[PDB]
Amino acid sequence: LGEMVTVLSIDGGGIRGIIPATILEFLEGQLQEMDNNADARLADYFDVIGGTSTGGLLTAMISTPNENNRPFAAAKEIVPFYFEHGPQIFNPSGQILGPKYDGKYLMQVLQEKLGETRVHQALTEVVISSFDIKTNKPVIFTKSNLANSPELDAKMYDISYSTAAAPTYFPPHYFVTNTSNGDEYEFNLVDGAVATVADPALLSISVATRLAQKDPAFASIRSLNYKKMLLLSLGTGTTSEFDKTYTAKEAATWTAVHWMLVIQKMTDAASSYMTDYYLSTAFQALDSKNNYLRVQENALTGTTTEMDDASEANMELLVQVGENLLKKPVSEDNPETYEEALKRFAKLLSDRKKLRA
């Protein structure tokens, strides 16, 4: 157990980020309870924390240090963050041209809460995704790879805005860092979901796997031994109910405007199904299916399907979705609930930390 590598991964999903935040409030509460430490934080137990879009916002807030070199936010402060700032982040600009939101409020709250902190200060390994529309490549922010590429030591608010800058919802982000020679290095970034990692769990374990080649703390997973890997992957939900989906017949005459409204919800649901399929395949092949815990809601209904609905009523329904998800089974023909599997996961995180002491 002591040699095991621990990875947390949080999906994108706009305001639906309330669902994994509710799950993480439960998990961090279990850790605090079990280790008799009210200051226990997720970053004290996880070697790697990965997130895309609002999952990346969450990652930045629970891994960025405050003045006492402790995580900026407790997991129970995330849902209040969405209730307080969600309505102003998703306040329509009403501008004729451009995205639905001007992103000014989102930039300001991230600047306020993250200050001048840089990714090299992260209290654990972070994996925050984006897509660069200038270089036409994914740009993944981590602490590792800063040795070879120091221009990647961006500010946490630049990284956090960029990972969530969804095309047609927010404007793309432009910012600059400096290279080893002192030359300027520019970023032209959009949401990590465009990099196909709306679910970044496989990217997170790949970053951990590369680190195993150079960091002794990660040596146990060196040659793909995912038996020594604990992975918690959190979804923001999908839907398969006919009332929210489409037929090929109706879609025959859709123009680019209608397709742009649905293409990202489709690619994000696909990223959830495909990433989970790759990971389940890998963990099952090593008879280590229970090392991978995927907490996902598969029947979102009503207003909860919209990632930018920050109305008080919808946010309250998302808390209920997260609280109900805890009581749901981990799979069909397995009555183990998510709450029970998360208590089991907390116990492993706690025992591993005590083992490394």
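From 1 onward, residues are counted along the sequence shown.
Mean CA temperature factor from the deposited coordinates, higher in 287-295 or in 327-335? In the deposited entry, the stretch with the higher C-alpha B-factor mean is 327-335.
Check the entry's C-alpha temperature factors for 234-242 and 179-187, then say which stretch has the higher mean. Comparing 234-242 with 179-187, the higher mean C-alpha B-factor belongs to 179-187.
Using the entry's values, work out which of 319, 57, 27, 300 has the largest Cα B factor. Of 319, 57, 27, 300, 300 has the highest C-alpha B-factor.
So among 173, 137, 100, 227, who wins on Cα B-factor in the entry? Highest CA B-factor of the listed options: 227.
Which third, lowest, middle or highest, does the C-alpha temperature factor of residue 47 belong to within its own chain? It belongs to the lowest third of the chain when residues are ordered by C-alpha B-factor.
Is residue 53 in the lowest, middle or highest third of its chain when residues are ranked by C-alpha B-factor? According to the entry, residue 53 has a C-alpha B-factor in the chain's lowest third.
Lowest, middle or highest third of the chain for the C-alpha temperature factor of residue 144? Highest third of the chain for residue 144's C-alpha B-factor.
Chain-relative CA temperature factor third for residue 169: Its C-alpha B-factor, which the entry lists for residue 169, ranks in the middle third among residues of this chain.
For residue 218, does the deposited CA B-factor place it in the lowest, middle or highest third of the chain? It belongs to the highest third of the chain when residues are ordered by C-alpha B-factor.
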